[PDB]
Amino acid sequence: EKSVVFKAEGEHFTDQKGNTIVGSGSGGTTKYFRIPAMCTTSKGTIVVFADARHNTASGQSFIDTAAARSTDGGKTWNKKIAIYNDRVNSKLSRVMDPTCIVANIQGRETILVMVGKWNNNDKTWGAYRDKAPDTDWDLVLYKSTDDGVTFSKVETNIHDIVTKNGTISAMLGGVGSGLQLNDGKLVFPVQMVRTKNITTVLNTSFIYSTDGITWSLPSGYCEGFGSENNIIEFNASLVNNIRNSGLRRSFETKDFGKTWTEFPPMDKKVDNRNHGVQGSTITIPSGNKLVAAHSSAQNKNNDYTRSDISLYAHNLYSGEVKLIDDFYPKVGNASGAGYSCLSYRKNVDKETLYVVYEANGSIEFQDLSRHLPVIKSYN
């Protein structure tokens, strides 16, 4: 139905030594949660990641990556910290902004989660353009191969490929979920802050891998807009769906990230109004056709309150769009609101469509599976 994954001012976590993490919420709880990411496994297990912003909603604050696991269809949740910040700066050390993938990596069902990491930077990441890359930044990857019970660090070449590019100050996942392609390739949508000498502050792209260890960046870039984005696979194209102030943007690449062109079935189809917001975009099969399901905020107050977090269907053939469910029909908390993440699976003959989203500093979950006939018919 509807459940609270992470309760603002209602959770207590422990650190690596098992000592409680005293946050600024009432009773020493974690103050605020943001930026949910959800991955469902072949066992039906739901894992939801979010920033545990222990002291404040601000992105420049002390943050760990929490993980909530449900094996009862989202009724109840077991919670823990999946990724700890480095504990350099009790005010500013942070791991943030998760993107997850569920994939069979050479046969092995794995949940990957990728987060940015900072320590001493007191400003948002777009402020740091002088270095290639910023010395305070990193982008870390953790995995679980035990159905979300334990997460371990993956040693990658992600920092190295950013350094060898030479034009990137920092990189993050696109927020929410990445994908495993039909052929098996792993793809994280990414956002990047370019070095100062590059005219465009922000770009979108992706990183890809076969084994989850060695990653690659394509040679091209997509225009950044508000840079948070997701990718879907459609025929031999990768198609993104990007945050933008006003109308969301969508581009396709037919050359695996060398060049991008507008994708008419999704480009400019959903309006998030002033500032834009992150949104989640996934595909759902309907026979041998595909439909895109998308969540983002209607933003009725045209501001940072990002009201009315809604599920849409995009007809990938005709370009029609329709509202399926305004599942969080509420004005958000302008300290940080509006974000969401969808998850679809068909396990055996059971199709599930779940969402998680920001709700006044908490993360809530809804089972939206009743909407699948309506979405699937939209081709």
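Quick note: we count residues from 1 along the sequence shown, nothing fancier.
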Check your understanding: Got a sec? Mean C-alpha B-factor, which is higher, 122 to 130 or 138 to 146?
Key -> 122 to 130
Exercise for review: Look up the CA B-factors in the entry and say which stretch, 90 to 98 or 235 to 243, has the higher mean.
Suggested key: 235 to 243
Review point. Based on the PDB record, which member of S177, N85, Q106, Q278 exhibits the highest Cα temperature factor?
Key: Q106
Review point. Taking the C-alpha B-factors as the PDB entry records them, is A313 in the lowest, middle or highest third of its chain?
Key: middle
Exercise for review: Just say lowest, middle or highest third for the CA B-factor of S61 relative to the other modelled residues in its chain.
Suggested key: middle
Exercise for review: Using the B-factor values recorded in the entry, state whether the Cα atom of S209 falls in the lowest, middle or highest third among the modelled residues of its chain.
Suggested key: middle
Check your understanding: Going by what the PDB entry lists, where does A334 fall on CA B-factor within its chain: lowest, middle or highest third?
Key -> middle
Exercise for review: Report the third (lowest, middle or highest) to which the CA temperature factor of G319 belongs, ranking only the modelled residues of the same chain.
Suggested key: highest
